[PDB]
Amino acid sequence: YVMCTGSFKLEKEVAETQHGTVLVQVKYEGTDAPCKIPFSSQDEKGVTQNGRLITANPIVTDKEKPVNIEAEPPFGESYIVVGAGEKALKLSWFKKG
Amino acid sequence: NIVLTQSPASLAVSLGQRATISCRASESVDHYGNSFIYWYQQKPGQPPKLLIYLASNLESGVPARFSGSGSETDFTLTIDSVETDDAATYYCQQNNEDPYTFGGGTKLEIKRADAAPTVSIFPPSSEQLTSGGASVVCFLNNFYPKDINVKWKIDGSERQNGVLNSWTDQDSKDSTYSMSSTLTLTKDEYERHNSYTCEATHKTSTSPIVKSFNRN
Amino acid sequence: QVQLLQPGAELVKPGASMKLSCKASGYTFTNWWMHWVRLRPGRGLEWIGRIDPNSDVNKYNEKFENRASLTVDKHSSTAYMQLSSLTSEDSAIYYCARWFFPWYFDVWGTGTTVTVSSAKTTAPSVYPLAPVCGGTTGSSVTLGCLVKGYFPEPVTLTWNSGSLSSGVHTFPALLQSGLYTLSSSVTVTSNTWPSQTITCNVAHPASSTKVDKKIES
């Protein structure tokens, strides 16, 4: 599939799991479903910052349906980036350790 | 720093044929299942232009003949059928970690059929002579491939010193190359001699095509 | 319509400092990060740094960190990059580029050709190149124009004020004795010349000169 082009709206609060991971549920605002969801994690200065995806591959099957995503963010201060372009969702997260 | 090495340095592909360029990274450029690597196209006198993003995704407006693939440390760009306007320099780039780095660049040529150069020789202008200088110019237009050699002679004696050469980039219309060669002398040295000769040696010509003039 | 405008040229002395501008339009300037990249002859593209105009947050290439400064002016939607202790190794074409967050550069500036020199400004000499009085061969005659001894780059050469653009080859400039030289050829049918008029026109904005030369003989 091609990367999603649309905008994202946050549907729920970000949550920390029992084992230091986060569950994010978002609502899609695009027209190109089905498409692959742009997902990346950075820091404050825009620097790409390592981490790993627990979810296989985040895809918008139906633009009217919210998608859940579990991820293991880097330690300390980071930004969760959902989507791409000017309207890209940027959410602050801290993981102690 | 992630180092990007491109291969090959340059290549020539016959019009309509397939071209392939590789880019290799000193370590992984993958970030959350996506390859943070991009392919840009740059033409002379122009700023770069994005072709491929996230290793394999085509930017809108980019022709379908363009494609990209690869992961981790190994990537490839493919043009399944090159065209004349595809002649450019291509660069890969990563942003998986600061500072961003670029590959060494791969120069693509468009291999139209071989063509002998059209050779024209031009004496100094009267105007230039008034200022006391004397440059002789030789144009070699619309030849292919790029490799060519020119030899100057003055009164049958080979002249190596004072020779400057230049080559155009591939022509947007006909895929040919051109070359300008300038031999620069003082007016005083110039007026001592008679015959002046420019000789062009090229792949297409075993015995060189030779153009000369007599000043008087 | 998105535009990133940069000045065409800069001439700066070694060890001195320079400040390049990039004027954004067609979009919300503070909504996108701005990066700076330079292109050196035979040395490829080099990344200098990035800045978020909204928050003035920035990041430098460590190679340039002690030497560079990224700033913005929100009012004019213009980003600036300053670089000091300039050497000849810093002669390049400098582009500003808009970051398609968080991936690639979607819009590139017009580019600023930067020369780090102490050379002074020099007008070009323009010479018409007419054929040998015993060289008039062929069904189509070729003429030329030689532009010698100027500084700095660039010059713009046209034929008949741009009306004649086909069959033209304009050659890259060449540094010699500290001055630039370039040449251009045009090929036309014998019916065109010397019957019809042909003039070489050469503008050198750095010296603010413009010169027309009619091809005689």
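Per the deposition metadata, X-ray crystallography was the technique used to determine this entry, at a resolution of 3.8000 Å.

(A) View of the sheet that holds strand 10 (residues 89-95) of chain A. Residue and element names in this part refer to chain A. Strand order across the open sheet formed by three strands is 5-9-10, with antiparallel pairing between neighbours. Two strands lie at the open edges of the sheet, namely strand 5 (39-42) and strand 10, each paired on one side alone. This sheet shows a mean twist of 25° between the axes of neighbouring strands, independent of strand direction.

(B) Summary view of the interface of chain C and chain B. Taken together, the contact pairs 39 residues of chain C with 42 residues of chain B. Both faces considered, chain C and chain B share a buried interface measuring about 3500 Å² in area, 66% of it formed by carbon and sulfur atoms. By the criterion of area lost to chain B, the three top residues of chain C are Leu45(C), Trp103(C) and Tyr104(C), representing 18% of everything that side buries. Linking chain C with chain B are two salt bridges. Residue composition of the side of chain C that touches chain B, grouped by class: 22 nonpolar, 13 polar and four charged.

(C) Structural detail: the pattern of salt bridges. Under the counting rule described, the total for this entry stands at 24 salt bridges over all chains. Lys153(B) is the salt-bridge partner of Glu199(B), the closest N and O atoms lying 3.4 Å from each other. Placement of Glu199(B) in strand 20 (residues 195-202) and of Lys153(B) in strand 16 (residues 148-154) is noted, with a sequence separation of 46 residues between them. For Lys153(B), a relative accessible area of 26% puts it in the partly exposed group. A single salt-bridge network, built from bridges that share partners, covers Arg38(C), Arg40(C), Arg43(C), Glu46(C), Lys63(C), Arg67(C), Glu89(C) and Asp90(C).

(D) View of the state of the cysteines. This structure, assessed with the given rule, holds five disulfides over all chains. The disulfide partner of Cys138(B) is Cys198(B), and the S-S distance across this bridge is 2.1 Å. The disulfide joining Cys138(B) to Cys198(B) has a torsion of about -80° about its S-S bond and is therefore left-handed. Remark: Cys198(B) occurs in strand 20 and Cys138(B) occurs in strand 15 (residues 133-143); sequence separation between them is 60 residues. Taken individually, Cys138(B) and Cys198(B) each receive the classification buried, so the pair is uniform in this respect. Each bonded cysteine in chain C gets a number by its place in the sequence, and the pairs come out as 1-2, 3-4. A disulfide-free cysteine, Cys133(C) has its sulfur positioned 17 Å from the sulfur of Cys138(B), the nearest such atom.

(E) Structural view of the interface of chain C and chain A. The partner chain A presents 14 residues to the 12 residues of chain C that form the contact. Regarding the contact of chain C and chain A, the summed buried area is about 1100 Å², with carbon and sulfur atoms giving 63% of it. On the chain C side of the interface with chain A, the three residues burying the most area are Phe101(C), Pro102(C) and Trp103(C), jointly 43% of the side's total. Where chain C meets chain A, there are zero salt bridges. There are four residue pairs in polar contact connecting chain C and chain A. Broken down by element, the residue count for the side of chain C that touches chain A peaks at three residues, all from strand 6 (residues 57-60) of chain C. Grouping the constituent residues of the side of chain C that touches chain A by class yields eight nonpolar, two polar and two charged.

(F) Structural detail: the domain arrangement of chain C. Residues and elements named next belong to chain C. The domain architecture assigned to chain C consists of domain 1 (1-118) and domain 2 (119-217). Domain 1 puts four residues into the contact, and the matching count from domain 2 is four residues. Counting each side, the surface lost to burial between domain 1 and domain 2 is near 390 Å², with a carbon and sulfur contribution of 60%. The largest share of the area that domain 1 buries against domain 2 comes from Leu 11, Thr 115 and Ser 118, three residues that together contribute 72% of it. Across the domain 1-domain 2 interface, the total number found is one residue pair in polar contact. Of the residues in the side of domain 1 that touches domain 2, the class split is one nonpolar, three polar and no charged.

Rules of the game
- Residues numbered from 1 in each chain as written, not as in the entry; some residues may be left out.
- Chains lettered and ligands numbered in written order.
- Heavy atoms only, no water.
- Pairing = 2+ DSSP bridges.
- Helix = DSSP H or I, 4+ residues; strand = E, 2+ residues; numbered from the N terminus.
- Axes fitted to C-alpha atoms, helices over the stretch in contact; angles between N-to-C directions.
- Contact = heavy atoms within 4.5 Å.
- Buried area = accessible area lost by both parts, 1.4 Å probe.
- Salt bridge = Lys/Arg side-chain N within 4 Å of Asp/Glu carboxyl O.
- Nonpolar A, V, L, I, M, F, W, Y, C, P; charged D, E, K, R; others polar.
- Buried < 20%, exposed > 50% of the residue type's maximum accessible area, 1.4 Å probe, protein only.
- Disulfide = S-S within 2.5 Å.
- Polar contact = N/O pair within 3.5 Å; in protein donor to acceptor, adjacent residues only side chain to side chain.
- Domains from an automatic or database assignment.

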